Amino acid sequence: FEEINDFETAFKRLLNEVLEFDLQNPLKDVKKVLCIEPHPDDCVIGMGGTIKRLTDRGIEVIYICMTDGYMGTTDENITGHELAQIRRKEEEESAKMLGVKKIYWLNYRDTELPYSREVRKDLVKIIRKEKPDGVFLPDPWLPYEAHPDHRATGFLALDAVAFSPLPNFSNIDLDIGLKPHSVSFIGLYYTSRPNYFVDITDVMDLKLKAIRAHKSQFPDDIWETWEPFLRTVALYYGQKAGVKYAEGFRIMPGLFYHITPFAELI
């Protein structure tokens, strides 16, 4: 590689020959994935269509939900305890409509999710137990994301995936018979720099039915705003992918999440 005198060549060779990074079929071998959502309803809102598509193709999809959704209401007659119970039933209904069979609830309180070692260990435990091929998580670099649970979940999910294979990390996991694990695939959903698209034209009406199942979050008057907003998001991704309705994801080789100044160039 000392032979090479020009960046684009080196870059092309690094990606294509050295890393063998494929953006055309990057879910080739994947049989099990984790979707990590900050609140009940985030998996379905950000990639509900893709989830349905994967379950139909007989890929096993497992949700990890970081919080209980305790705060998500303006109704003074509903306690956070009542609302958590409700949003558990709602995500159970929603997850059944897409093919999703298992949900792990971390049960950190909505608005109170720590960026801490503790939460890294909670995720690394599940990854080591379920040995998934791929993990989906919200992009922590989404510009203007003011929800701290969202930002946190992103960094934690990356940290967890990064540390799952390190046997000195959360070592009691090994001592009780969980083996360390490398994930093959990482995809960021809720991203503004997607580089992989999935047509959801055919499943858009199911996706919206699975979102609406979260009745607590979507009364008629809120739905007036959110059905348009969601169709607009699907068109934004759609236009880039040459279809009506798409879901955007950012997929990179693991190496590019660390000390890569040209990471923004894929």
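Numbering starts at 1 and runs along the sequence shown.
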{"item": "Per the entry, higher mean C-alpha B factor between 103-111 and 173-181", "value": "173-181"}
{"item": "Selection by C-alpha B-factor (highest) of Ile64, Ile51, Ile211, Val203", "value": "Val203"}
{"item": "Options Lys207, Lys28, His39, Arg57 - largest CA temperature factor per the record", "value": "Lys28"}
{"item": "Chain thirds of CA B-factor: placement of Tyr70", "value": "lowest"}
{"item": "Third of chain Cα B-factors occupied by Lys89", "value": "middle"}
{"item": "Ranked C-alpha temperature factor of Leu34 among modelled chain residues, by third", "value": "lowest"}
{"item": "Third of the chain's Cα B-factor distribution that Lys129 belongs to, per the entry", "value": "middle"}
{"item": "B-factor third for the C-alpha atom of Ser164 within its chain", "value": "middle"}
